[PDB]
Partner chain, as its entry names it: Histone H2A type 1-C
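A single chain comes next, written as structure tokens; it is the form solved without its partner chain.
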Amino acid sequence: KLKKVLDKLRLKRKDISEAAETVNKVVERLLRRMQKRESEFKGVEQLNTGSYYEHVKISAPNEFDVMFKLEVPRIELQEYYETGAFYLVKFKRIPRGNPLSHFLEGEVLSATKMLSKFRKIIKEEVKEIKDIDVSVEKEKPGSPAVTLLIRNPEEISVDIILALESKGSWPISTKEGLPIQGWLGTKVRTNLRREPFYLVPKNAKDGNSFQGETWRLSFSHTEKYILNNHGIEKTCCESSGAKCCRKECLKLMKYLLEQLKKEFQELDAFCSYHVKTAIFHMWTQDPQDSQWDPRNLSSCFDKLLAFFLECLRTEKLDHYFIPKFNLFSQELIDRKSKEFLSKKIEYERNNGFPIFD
């Protein structure tokens, strides 16, 4: 039953080939345009991230995430109030003349200024693309992405995300996050935390507006690693090991949410990241591969559901990397919204998920 649903969600290789060919062409051309001189972004390097590259994209290969990461040496972070996730960015000394100087607000590196120039460069390069139907989506306030819309003729969206790369130790708000010590282990956790961390230009929302200069942490690289390396046993899902159902559970939950969001606009505040965060917590709670045997799929999905419902009820979903940051706080999502989603999930749960059709 869930097996038949998984069959429907599975991407098709011909669809993948057609989409990847086009997306790869467009991204490679923008990355190159960025390498151009003058460009304040000259040293940017590409990191593919998100559902498609984690192999948990469902239904159709029509959404691609790509981080353009820029190593910016020696920056100081100032936590924006007590959020743990959002920061003001300053440069330590003064780099004689360096080209991020235009994006400065005196001493602070404005996320909005830098993203605006990045978007402008992308829009200009896109207008010069003639062999492919592609346009830039209208700017979305408080979004770090420049979103491309490709018609292949199928509709494909590509989010291009500027990221600042910093090689220093991770901000202390993350010190008790990534609780993978009983699952993936201490050597993995330590090695993951020696990797760079990233800032993307998503502005903090304080009230009815955004704080234009704030940046937000991103662990898209770390999450991608975990999805590809998700077993307590090193051979989990390898050719000489045993298949588990962890990723299939994630797909089913993404599907349930997406089907619900598509017909109820009361759910606009939710997104796949909430589901991804929930299952990260589930994998920490139930680390044994034996707990995610494919024969147990139904019970794993149900336990994920029970857990997600408890998060909604209690208005608490801790960010997996930043435990202080509650994704389900009143400030971010209204009570009413969480109770609406609770009633809809419970109904689908007790009626055999009719919405899976």
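Residue numbers count along the first chain shown, from 1.
Once the C-alpha B-factors are averaged per stretch, 312 to 320 and 34 to 42 rank with 34 to 42 first. As listed in the deposited structure, the average C-alpha B-factor of 273 to 281 and of 104 to 112 is greater for 104 to 112.
Per the PDB record, 264 has a higher Cα B-factor than any other of 170, 86, 264, 255.
Each of 186, 218, 152, 235 has a CA temperature factor in the record; the biggest one is found at 152. In the PDB entry, a CA B factor belonging to the middle third of its chain's modelled residues is recorded for residue 159. Ranked by Cα temperature factor within the chain, residue 268 sits in the highest third according to the deposited record. In the PDB entry, a CA B factor belonging to the lowest third of its chain's modelled residues is recorded for residue 54. Sorting the modelled residues of the chain by their CA temperature factor places residue 144 in the middle third. The deposited CA B-factor of residue 78 belongs to the highest third of values across its chain.
In what follows, reference is made to the form deposited with its partner chain bound, a form of this protein that is not presented.
In the deposited complex, its partner chain stays beyond 4.5 Å of every heavy atom belonging to residue 138. Although the partner is absent here, residue 93 lies within 4.5 Å of its partner chain in the deposited complex, judged by heavy atoms. Contact annotation: residue 262 falls outside 4.5 Å of its partner chain in the deposited complex, judged by heavy atom distances. Among heavy atoms of residue 71, none comes within 4.5 Å of its partner chain in the deposited complex.
Proximity to its partner chain in the deposited complex, taken as heavy atoms within 4.5 Å, picks out 162 to 170 from the listed stretches 162 to 170, 271 to 279, 209 to 217, 149 to 157. The partner is absent here; in the deposited complex, the one residue of 221, 247, 113, 193 having a heavy atom within 4.5 Å of its partner chain is 193.
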